[PDB]
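Text of data.cif (mmCIF, C-alpha atoms and all ligand atoms) as supplied:
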```
data_work
#
loop_
_atom_site.label_atom_id
_atom_site.label_comp_id
_atom_site.auth_asym_id
_atom_site.auth_seq_id
_atom_site.Cartn_x
_atom_site.Cartn_y
_atom_site.Cartn_z
CA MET A 1 88.86 50.64 131.38
CA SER A 2 85.30 50.73 132.71
CA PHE A 3 84.99 54.52 132.29
CA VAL A 4 85.99 54.00 128.66
CA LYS A 5 83.20 51.41 128.41
CA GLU A 6 80.46 53.78 129.56
CA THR A 7 82.02 56.51 127.39
CA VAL A 8 81.78 54.31 124.29
CA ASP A 9 78.25 53.30 125.29
CA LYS A 10 77.30 56.98 125.57
CA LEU A 11 78.78 57.74 122.15
CA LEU A 12 77.17 54.81 120.35
CA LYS A 13 73.84 55.12 122.17
CA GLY A 14 71.47 57.46 120.38
CA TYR A 15 73.62 57.46 117.22
CA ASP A 16 71.82 57.59 113.86
CA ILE A 17 73.94 55.98 111.14
CA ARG A 18 71.53 57.33 108.50
CA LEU A 19 72.52 60.99 109.07
CA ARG A 20 75.92 62.36 108.11
CA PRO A 21 77.93 64.64 110.42
CA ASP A 22 76.63 68.21 110.16
CA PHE A 23 73.57 66.88 108.37
CA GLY A 24 71.83 70.25 108.23
CA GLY A 25 75.10 72.19 108.37
CA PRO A 26 77.99 72.83 105.97
CA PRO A 27 79.54 69.86 104.15
CA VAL A 28 81.77 67.43 106.00
CA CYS A 29 85.37 67.59 104.78
CA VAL A 30 86.88 64.13 104.30
CA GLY A 31 90.66 64.00 104.17
CA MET A 32 92.22 61.02 102.42
CA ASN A 33 95.55 59.19 102.67
CA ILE A 34 96.94 56.24 100.72
CA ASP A 35 99.95 54.03 101.44
CA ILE A 36 100.82 51.97 98.37
CA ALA A 37 101.79 48.48 99.53
CA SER A 38 102.35 47.07 96.04
CA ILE A 39 101.47 47.40 92.35
CA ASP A 40 101.54 43.90 90.91
CA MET A 41 99.85 43.04 87.58
CA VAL A 42 100.34 45.81 85.02
CA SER A 43 98.54 43.99 82.19
CA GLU A 44 98.61 45.23 78.61
CA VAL A 45 96.13 42.52 77.57
CA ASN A 46 93.41 43.52 80.04
CA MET A 47 94.16 47.28 80.09
CA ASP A 48 94.34 47.40 83.89
CA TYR A 49 96.73 47.37 86.84
CA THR A 50 96.41 45.73 90.26
CA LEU A 51 97.19 47.84 93.32
CA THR A 52 97.23 47.11 97.06
CA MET A 53 96.82 50.04 99.42
CA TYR A 54 96.13 51.17 102.96
CA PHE A 55 93.34 53.69 102.35
CA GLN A 56 92.57 56.05 105.26
CA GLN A 57 89.72 58.55 105.56
CA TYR A 58 89.61 61.30 108.19
CA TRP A 59 86.52 63.29 109.12
CA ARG A 60 85.24 65.25 112.11
CA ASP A 61 82.02 64.00 113.73
CA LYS A 62 80.96 66.02 116.77
CA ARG A 63 78.59 63.25 117.89
CA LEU A 64 81.57 60.96 118.58
CA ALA A 65 83.58 63.56 120.54
CA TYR A 66 84.41 62.61 124.12
CA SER A 67 86.28 64.07 127.09
CA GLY A 68 88.13 62.86 130.16
CA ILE A 69 90.06 60.13 128.31
CA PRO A 70 93.42 61.51 127.02
CA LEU A 71 94.11 58.75 124.51
CA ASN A 72 93.01 57.87 120.96
CA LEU A 73 90.33 55.16 121.15
CA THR A 74 91.23 52.43 118.65
CA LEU A 75 88.06 50.33 118.57
CA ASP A 76 87.34 46.87 117.23
CA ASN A 77 86.76 46.96 113.49
CA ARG A 78 83.14 45.76 113.70
CA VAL A 79 82.11 49.16 115.12
CA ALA A 80 82.58 50.47 111.57
CA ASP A 81 79.18 48.89 110.88
CA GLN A 82 77.68 51.13 113.60
CA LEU A 83 79.21 54.47 112.52
CA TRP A 84 78.55 56.63 109.49
CA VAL A 85 81.30 56.37 106.87
CA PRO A 86 81.69 58.32 103.61
CA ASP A 87 80.20 57.33 100.26
CA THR A 88 83.63 56.77 98.72
CA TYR A 89 84.15 54.53 95.71
CA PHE A 90 86.76 54.04 93.01
CA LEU A 91 85.27 55.04 89.66
CA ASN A 92 87.65 53.09 87.41
CA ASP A 93 87.90 49.88 89.47
CA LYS A 94 87.01 46.49 88.00
CA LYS A 95 87.53 44.13 90.96
CA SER A 96 88.23 45.21 94.54
CA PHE A 97 88.07 43.59 97.96
CA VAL A 98 89.09 44.16 101.57
CA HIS A 99 91.64 41.64 102.79
CA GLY A 100 89.89 39.42 105.33
CA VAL A 101 92.52 37.34 107.15
CA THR A 102 92.77 36.90 110.09
CA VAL A 103 89.90 39.41 110.33
CA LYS A 104 88.54 42.14 108.09
CA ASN A 105 91.50 44.53 107.81
CA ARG A 106 89.55 47.57 108.97
CA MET A 107 90.52 50.18 111.55
CA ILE A 108 88.27 52.63 113.41
CA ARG A 109 90.04 55.21 115.58
CA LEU A 110 88.16 57.92 117.47
CA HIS A 111 89.88 61.03 118.84
CA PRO A 112 88.69 63.20 121.75
CA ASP A 113 87.90 66.13 119.43
CA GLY A 114 85.47 63.95 117.44
CA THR A 115 87.81 63.09 114.57
CA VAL A 116 87.22 59.64 113.08
CA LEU A 117 89.89 57.68 111.20
CA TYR A 118 88.62 54.85 108.99
CA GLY A 119 91.33 52.67 107.43
CA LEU A 120 90.92 49.83 104.93
CA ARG A 121 93.40 47.44 103.31
CA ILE A 122 92.17 47.28 99.71
CA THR A 123 93.50 45.34 96.72
CA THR A 124 91.86 46.68 93.56
CA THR A 125 92.27 46.15 89.84
CA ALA A 126 91.82 49.49 88.08
CA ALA A 127 91.38 50.18 84.38
CA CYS A 128 94.33 51.89 82.69
CA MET A 129 93.72 52.49 78.98
CA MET A 130 97.14 52.14 77.36
CA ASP A 131 98.21 53.60 74.00
CA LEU A 132 100.74 50.92 73.04
CA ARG A 133 101.45 52.22 69.53
CA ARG A 134 105.01 53.10 70.60
CA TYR A 135 105.42 49.77 72.41
CA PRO A 136 107.98 48.89 73.87
CA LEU A 137 109.19 52.52 73.72
CA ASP A 138 106.01 53.70 75.43
CA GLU A 139 104.96 55.69 78.50
CA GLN A 140 101.61 55.04 80.19
CA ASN A 141 99.42 57.16 82.47
CA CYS A 142 97.56 54.95 84.97
CA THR A 143 95.08 56.71 87.25
CA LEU A 144 92.98 55.91 90.31
CA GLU A 145 89.83 58.04 90.54
CA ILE A 146 88.06 58.44 93.89
CA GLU A 147 84.52 59.82 93.99
CA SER A 148 81.43 60.10 96.18
CA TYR A 149 78.55 57.97 94.94
CA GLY A 150 75.56 59.86 96.36
CA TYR A 151 76.81 63.21 97.68
CA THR A 152 77.62 66.54 96.04
CA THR A 153 80.06 69.25 97.10
CA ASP A 154 77.36 70.93 99.22
CA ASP A 155 77.22 67.73 101.35
CA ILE A 156 80.74 66.24 101.27
CA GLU A 157 84.16 67.56 100.24
CA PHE A 158 87.33 65.56 99.54
CA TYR A 159 90.91 66.68 99.98
CA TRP A 160 94.35 65.07 100.11
CA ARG A 161 95.44 64.98 103.74
CA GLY A 162 98.98 66.30 104.01
CA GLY A 163 99.04 67.86 100.55
CA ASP A 164 101.37 66.10 98.12
CA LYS A 165 102.52 63.85 100.99
CA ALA A 166 99.06 62.23 101.11
CA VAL A 167 100.12 59.28 98.94
CA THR A 168 103.20 57.41 100.17
CA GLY A 169 105.06 54.25 99.25
CA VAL A 170 105.32 55.07 95.53
CA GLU A 171 109.06 55.67 95.93
CA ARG A 172 109.41 52.08 97.22
CA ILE A 173 107.54 50.57 94.24
CA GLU A 174 109.43 48.77 91.48
CA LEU A 175 107.93 46.81 88.58
CA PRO A 176 109.64 44.17 86.40
CA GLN B 1 131.22 50.52 90.33
CA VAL B 2 128.84 50.49 93.31
CA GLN B 3 129.87 52.74 96.21
CA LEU B 4 128.37 53.51 99.63
CA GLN B 5 129.75 56.84 100.79
CA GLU B 6 129.34 57.55 104.50
CA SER B 7 129.09 60.95 106.17
CA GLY B 8 128.83 62.16 109.75
CA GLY B 9 130.79 63.42 112.70
CA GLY B 10 133.49 61.59 114.61
CA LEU B 11 133.85 63.52 117.89
CA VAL B 12 131.14 64.24 120.45
CA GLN B 13 131.22 65.08 124.16
CA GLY B 14 125.47 63.88 122.92
CA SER B 15 123.61 63.25 119.66
CA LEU B 16 124.86 62.37 116.17
CA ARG B 17 123.58 61.39 112.73
CA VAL B 18 125.49 59.10 110.35
CA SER B 19 124.25 59.21 106.75
CA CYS B 20 125.01 56.83 103.89
CA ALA B 21 124.48 57.66 100.22
CA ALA B 22 124.50 54.80 97.71
CA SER B 23 125.65 55.23 94.12
CA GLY B 24 126.02 52.86 91.19
CA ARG B 25 122.87 50.82 91.83
CA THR B 26 119.31 51.30 93.06
CA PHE B 27 118.76 49.67 96.47
CA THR B 28 114.97 49.96 96.64
CA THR B 29 114.51 46.19 97.03
CA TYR B 30 117.62 45.60 99.17
CA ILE B 31 117.90 45.60 102.96
CA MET B 32 120.07 48.54 104.06
CA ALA B 33 121.80 48.05 107.41
CA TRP B 34 124.38 49.48 109.78
CA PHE B 35 127.13 47.50 111.49
CA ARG B 36 129.54 48.49 114.26
CA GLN B 37 133.14 47.34 114.77
CA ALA B 38 134.90 48.17 118.02
CA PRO B 39 138.64 47.51 118.49
CA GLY B 40 139.31 43.78 118.72
CA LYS B 41 137.82 42.76 115.34
CA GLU B 42 134.17 41.92 116.03
CA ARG B 43 131.42 43.22 113.73
CA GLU B 44 128.12 43.96 115.49
CA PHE B 45 124.73 44.36 113.86
CA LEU B 46 123.03 47.63 114.81
CA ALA B 47 119.97 48.28 112.65
CA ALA B 48 118.40 47.41 109.31
CA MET B 49 115.50 48.52 107.13
CA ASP B 50 113.85 46.51 104.36
CA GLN B 51 111.70 47.47 101.37
CA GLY B 52 108.65 47.50 103.66
CA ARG B 53 110.11 50.21 105.94
CA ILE B 54 110.36 47.58 108.70
CA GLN B 55 113.07 48.39 111.23
CA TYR B 56 115.11 45.61 112.84
CA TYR B 57 117.48 46.49 115.69
CA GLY B 58 120.12 44.84 117.80
CA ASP B 59 119.43 44.27 121.47
CA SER B 60 122.40 46.40 122.56
CA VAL B 61 121.06 49.50 120.76
CA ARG B 62 117.31 48.93 120.90
CA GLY B 63 115.34 52.12 121.49
CA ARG B 64 118.49 54.28 121.25
CA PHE B 65 119.50 54.31 117.57
CA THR B 66 116.92 54.97 114.85
CA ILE B 67 117.33 53.82 111.23
CA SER B 68 115.54 55.52 108.34
CA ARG B 69 115.75 55.38 104.55
CA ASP B 70 115.25 57.84 101.70
CA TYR B 71 114.24 55.61 98.80
CA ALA B 72 114.06 58.54 96.36
CA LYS B 73 117.62 59.57 97.24
CA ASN B 74 118.67 55.91 97.72
CA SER B 75 120.24 56.62 101.12
CA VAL B 76 120.04 55.27 104.67
CA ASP B 77 120.47 57.35 107.84
CA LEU B 78 121.21 56.29 111.42
CA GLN B 79 120.36 58.71 114.22
CA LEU B 80 122.40 58.00 117.37
CA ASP B 81 121.07 59.37 120.66
CA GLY B 82 122.43 58.74 124.13
CA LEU B 83 126.05 58.06 123.21
CA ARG B 84 128.34 56.54 125.86
CA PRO B 85 132.13 56.05 125.79
CA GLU B 86 131.87 52.35 124.87
CA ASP B 87 130.10 53.30 121.61
CA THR B 88 133.45 54.47 120.19
CA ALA B 89 133.87 52.33 117.08
CA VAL B 90 133.89 52.27 113.27
CA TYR B 91 130.40 52.27 111.74
CA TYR B 92 129.85 50.52 108.40
CA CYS B 93 126.98 51.02 105.97
CA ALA B 94 125.89 47.81 104.23
CA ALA B 95 123.34 46.73 101.64
CA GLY B 96 122.22 43.46 100.10
CA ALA B 97 119.31 41.05 100.17
CA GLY B 98 119.34 39.14 103.43
CA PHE B 99 119.89 35.47 102.59
CA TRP B 100 120.47 33.23 105.63
CA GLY B 101 120.97 36.55 107.44
CA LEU B 102 119.50 39.99 108.18
CA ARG B 103 121.73 39.89 111.30
CA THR B 104 124.93 38.44 109.76
CA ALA B 105 127.54 40.41 107.84
CA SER B 106 127.94 37.58 105.31
CA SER B 107 124.49 38.26 103.83
CA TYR B 108 125.46 41.76 102.61
CA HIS B 109 127.36 42.07 99.31
CA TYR B 110 127.93 45.85 99.53
CA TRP B 111 129.83 47.74 102.23
CA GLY B 112 130.92 51.31 102.88
CA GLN B 113 134.34 52.68 103.71
CA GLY B 114 133.25 53.25 107.32
CA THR B 115 133.15 56.17 109.72
CA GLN B 116 135.12 56.44 112.96
CA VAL B 117 133.08 57.74 115.91
CA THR B 118 134.69 58.58 119.26
CA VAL B 119 133.12 59.67 122.55
CA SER B 120 135.07 61.35 125.37
CA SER B 121 133.97 61.91 128.97
CA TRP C 1 96.94 36.35 125.34
CA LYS C 2 95.29 37.24 128.66
CA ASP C 3 91.83 38.66 129.36
CA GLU C 4 90.86 39.09 133.01
CA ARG C 5 87.26 39.83 132.00
CA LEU C 6 86.89 36.16 130.97
CA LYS C 7 88.12 34.73 134.28
CA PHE C 8 85.98 31.91 135.63
CA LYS C 9 85.94 29.14 138.23
CA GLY C 10 84.50 25.65 137.90
CA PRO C 11 85.20 21.91 137.87
CA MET C 12 87.10 22.23 134.59
CA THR C 13 90.45 23.87 133.84
CA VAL C 14 89.93 24.69 130.13
CA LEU C 15 86.80 25.87 128.30
CA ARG C 16 86.42 25.29 124.57
CA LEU C 17 84.34 28.01 122.91
CA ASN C 18 82.24 27.39 119.82
CA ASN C 19 82.68 29.74 116.88
CA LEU C 20 79.53 31.75 117.65
CA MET C 21 80.85 32.63 121.12
CA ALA C 22 84.43 32.92 119.85
CA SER C 23 83.22 35.66 117.49
CA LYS C 24 81.54 37.43 120.43
CA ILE C 25 84.78 38.38 122.26
CA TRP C 26 87.93 40.37 121.49
CA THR C 27 90.69 38.65 119.53
CA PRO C 28 93.82 40.20 117.99
CA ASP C 29 93.28 41.71 114.55
CA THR C 30 96.41 40.10 113.16
CA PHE C 31 97.00 40.52 109.43
CA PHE C 32 99.84 39.66 107.07
CA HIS C 33 101.66 42.74 105.81
CA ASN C 34 102.89 41.15 102.56
CA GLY C 35 99.78 39.01 102.00
CA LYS C 36 98.13 39.20 98.58
CA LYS C 37 95.15 36.88 99.12
CA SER C 38 94.56 34.57 102.08
CA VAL C 39 91.96 31.95 102.95
CA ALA C 40 90.86 30.89 106.44
CA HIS C 41 89.71 27.26 105.99
CA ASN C 42 85.99 26.70 106.72
CA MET C 43 85.61 23.12 105.45
CA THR C 44 83.01 21.11 107.36
CA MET C 45 83.34 23.67 110.14
CA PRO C 46 85.27 26.92 110.66
CA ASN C 47 88.84 25.60 111.16
CA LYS C 48 89.38 27.73 114.32
CA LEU C 49 89.59 26.85 118.04
CA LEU C 50 89.38 29.03 121.15
CA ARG C 51 90.30 27.84 124.65
CA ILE C 52 89.95 29.84 127.87
CA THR C 53 91.85 28.85 131.01
CA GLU C 54 90.49 29.50 134.49
CA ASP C 55 93.18 32.17 134.97
CA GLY C 56 91.83 34.03 131.92
CA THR C 57 94.47 32.94 129.39
CA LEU C 58 93.06 32.68 125.87
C1 LIG A 201 96.37 60.78 119.39
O1 LIG A 201 96.23 61.21 118.05
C2 LIG A 201 96.90 62.46 117.77
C3 LIG A 201 96.60 62.78 116.33
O2 LIG A 201 97.12 61.77 115.47
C4 LIG A 201 98.39 62.30 118.04
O3 LIG A 201 99.04 63.55 117.81
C5 LIG A 201 100.02 63.54 116.82
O4 LIG A 201 101.30 63.20 117.33
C6 LIG A 201 102.33 63.17 116.32
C7 LIG A 201 103.60 62.75 117.02
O5 LIG A 201 104.05 63.75 117.92
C8 LIG A 201 102.44 64.53 115.65
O6 LIG A 201 103.40 64.47 114.60
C9 LIG A 201 104.56 65.22 114.82
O7 LIG A 201 104.21 66.58 115.09
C10 LIG A 201 105.34 67.43 115.34
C11 LIG A 201 104.79 68.81 115.63
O8 LIG A 201 105.82 69.73 115.96
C12 LIG A 201 106.28 67.41 114.13
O9 LIG A 201 107.43 68.19 114.42
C13 LIG A 201 106.69 65.98 113.82
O10 LIG A 201 107.50 65.95 112.65
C14 LIG A 201 105.46 65.13 113.62
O11 LIG A 201 104.74 65.52 112.45
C15 LIG A 201 101.09 64.92 115.07
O12 LIG A 201 101.13 66.21 114.47
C16 LIG A 201 100.04 64.91 116.17
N1 LIG A 201 98.73 65.25 115.64
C17 LIG A 201 97.95 66.19 116.18
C18 LIG A 201 98.49 66.87 117.40
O13 LIG A 201 96.85 66.46 115.71
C19 LIG A 201 98.60 61.86 119.48
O14 LIG A 201 99.98 61.67 119.75
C20 LIG A 201 97.84 60.56 119.72
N2 LIG A 201 97.98 60.04 121.07
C21 LIG A 201 97.65 60.68 122.19
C22 LIG A 201 97.96 59.96 123.47
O15 LIG A 201 97.10 61.78 122.19
#
```

Render the structure in this file as structure tokens.
Amino acid sequence: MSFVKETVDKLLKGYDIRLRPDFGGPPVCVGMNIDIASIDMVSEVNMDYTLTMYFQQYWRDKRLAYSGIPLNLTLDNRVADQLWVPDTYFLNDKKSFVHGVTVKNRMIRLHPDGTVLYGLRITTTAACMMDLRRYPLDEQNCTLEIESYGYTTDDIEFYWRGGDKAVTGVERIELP
Amino acid sequence: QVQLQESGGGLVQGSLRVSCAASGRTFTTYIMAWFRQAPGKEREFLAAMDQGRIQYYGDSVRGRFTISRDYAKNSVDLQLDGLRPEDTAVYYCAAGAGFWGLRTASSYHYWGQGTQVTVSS
Amino acid sequence: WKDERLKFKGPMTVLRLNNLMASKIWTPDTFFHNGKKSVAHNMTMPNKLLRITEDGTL
């Protein structure tokens, strides 16, 4: 356990949160996964739907790579404040928050190759403009848009981790 | 009518997989479980999965049998590894919201025909 | 739970930690899977208590 402590101290020491991985190099590819816990308030009045998710982001950071410890280092969530994380934001959200009981539902997991997993439990209301002319014989398209606030494709690239299997739990969803 | 058809082998020297397809109603919100009945008329809880993909197991078969669900296909599968002769029994597929239960047969309102499994040494 | 790093010896048998020091150590990151919105009460003072036994039991 001690050797892990000096390893983590080595990784965090001399770490600049202001600079992205491969700052001067090619863009960092950020894979994304979602697990849909629930979709609750599909409101026609407010033109929005409420959605709870486990939102995971994967990206390789060579600065955080370590050796000699053959296990995935799941660290306390507060270390997320010390590491660089992507500029991700939901474009069409109206009200979102991280669940914060008993603690902030965050997860930071480092891997020996330098991969960083950053997981968040997010409940967000998202705008869904509905064309209810055919109501109640109507079909709606409700979308969640994910975008980088302050980075372009030459700096950061998004992709769905696992292809079409990136988003899970939709099969288990049922609405009244 | 709501039916729970069960499929799988019955004879092994060993690994096995017992599948259960549900028809007549969508069991997305219901707890799908497997029960065992050896000769002598006692029904034993084996495994169960709820809408949250949370797996409950009996102590006798903990770490051996694995329960999974296909919510799109509305089916529940039970993978049996490490079979022994005393596991010879009839396996029932059950569904229903667990009221006063989740380990009691009375809480399940739907049951399958059953599948006989035998093990020989 | 148990944390051998917080073992101690002294006249007492139990040590009550204030919230500032309670936030300075490791605690389980327990969360409710089916929770929609939860509140940890903070009225008058954070409604939380941490005790450490001499054996290291938290
Ligand atoms: C540390 O983290 C790595 C990465 O998450 C863990 O490796 C992963 O282990 C799982 C379970 O074996 C792999 O999934 C399975 O892979 C096999 C490949 O044949 C596939 O047949 C299964 O259906 C399933 O997908 C996963 O691919 C693998 N990820 C890797 C290797 O990048 C690892 O177990 C963790 N723990 C330790 C102690 O290393």

Expected answer as a PyMOL selection string: residues within 9 Å of ligand LIG 201 (chain A), all atoms listed in the file: chain A and resi 70-73+109-112+115

Please, could you write that set of residues out with C-alpha atoms as a PDB file, in the coordinates of the input?
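Output contents, as saved in selection25.pdb:
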```
ATOM      1  CA  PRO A  70      93.420  61.510 127.020  1.00  0.00           C
ATOM      2  CA  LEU A  71      94.110  58.750 124.510  1.00  0.00           C
ATOM      3  CA  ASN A  72      93.010  57.870 120.960  1.00  0.00           C
ATOM      4  CA  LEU A  73      90.330  55.160 121.150  1.00  0.00           C
ATOM      5  CA  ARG A 109      90.040  55.210 115.580  1.00  0.00           C
ATOM      6  CA  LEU A 110      88.160  57.920 117.470  1.00  0.00           C
ATOM      7  CA  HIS A 111      89.880  61.030 118.840  1.00  0.00           C
ATOM      8  CA  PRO A 112      88.690  63.200 121.750  1.00  0.00           C
ATOM      9  CA  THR A 115      87.810  63.090 114.570  1.00  0.00           C
TER      10      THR A 115
END
```

Neighbour list for range 28-38 of chain C as a PDB file with C-alpha atoms, in the frame of the given file, cut-off 6 Å, only C-alpha atoms, skip fewer than 6 positions in-chain:
```
ATOM      1  CA  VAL A 101      92.520  37.340 107.150  1.00  0.00           C
ATOM      2  CA  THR A 102      92.770  36.900 110.090  1.00  0.00           C
ATOM      3  CA  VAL A 103      89.900  39.410 110.330  1.00  0.00           C
TER       4      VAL A 103
END
```

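Compared by their closest atoms to chain A, and using only C-alpha atoms, the residues C:45, C:27, C:10, C:16 rank with C:27 nearest.
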
Non-local contacts of range 158-174 of chain A (6 Å; only C-alpha atoms; under 4 positions in same chain excluded) as a list in words: residues 29, 30, 31, 32, 33, 34, 35 and 36 of chain A; 28, 71 and 72 of chain B

What would the file look like if the residues just selected were written as a short mmCIF file (atom, residue, chain, number, x, y, z; two decimals), in the coordinates of the input with C-alpha atoms?
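And here is the file that came out, result-v9.cif:
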```
data_model
loop_
_atom_site.label_atom_id
_atom_site.label_comp_id
_atom_site.auth_asym_id
_atom_site.auth_seq_id
_atom_site.Cartn_x
_atom_site.Cartn_y
_atom_site.Cartn_z
CA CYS A 29 85.37 67.59 104.78
CA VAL A 30 86.88 64.13 104.30
CA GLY A 31 90.66 64.00 104.17
CA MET A 32 92.22 61.02 102.42
CA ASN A 33 95.55 59.19 102.67
CA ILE A 34 96.94 56.24 100.72
CA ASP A 35 99.95 54.03 101.44
CA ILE A 36 100.82 51.97 98.37
CA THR B 28 114.97 49.96 96.64
CA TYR B 71 114.24 55.61 98.80
CA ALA B 72 114.06 58.54 96.36
#
```

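Taking CA of residue 114 in chain A and CA of residue 151 in chain A as the two end points, the separation is 21.6 Å.
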
Atomic distance CA of residue 94 in chain A - CA of residue 47 in chain A, expressed in Å with one decimal: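 Computed distance, CA of residue 94 in chain A to CA of residue 47 in chain A, equals 10.7 Å.
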
Check: which chain A residues lie within 9 Å of chain C using only C-alpha atoms, as a ChimeraX atom specification: /A:37-38,52,76-77,99-106,123

Proximal residues of chain B relative to chain C (all atoms listed in the file; 12 Å) as an MDAnalysis selection string: chainID B and resid 51:54

Contact residues around range 12-27 of chain A with only C-alpha atoms at 7 Å, ignoring same-chain residues under 2 positions, as a PyMOL selection string: chain A and resi 8-10+29+61+82-84+154-157

Nearest candidate to residue 23 in chain C (options A:147, A:78, A:59, A:4; using only C-alpha atoms): A:78

Residue 58 in chain B environment, 6 Å, all atoms listed in the file, sequence neighbours closer than 3 positions dropped, as number ranges by chain: B: 46, 61-62

Test item: residues at most 9 Å from residue 26 in chain B, all atoms listed in the file, excluding those fewer than 4 positions along its chain, as number ranges by chain: B: 22, 30, 71, 74
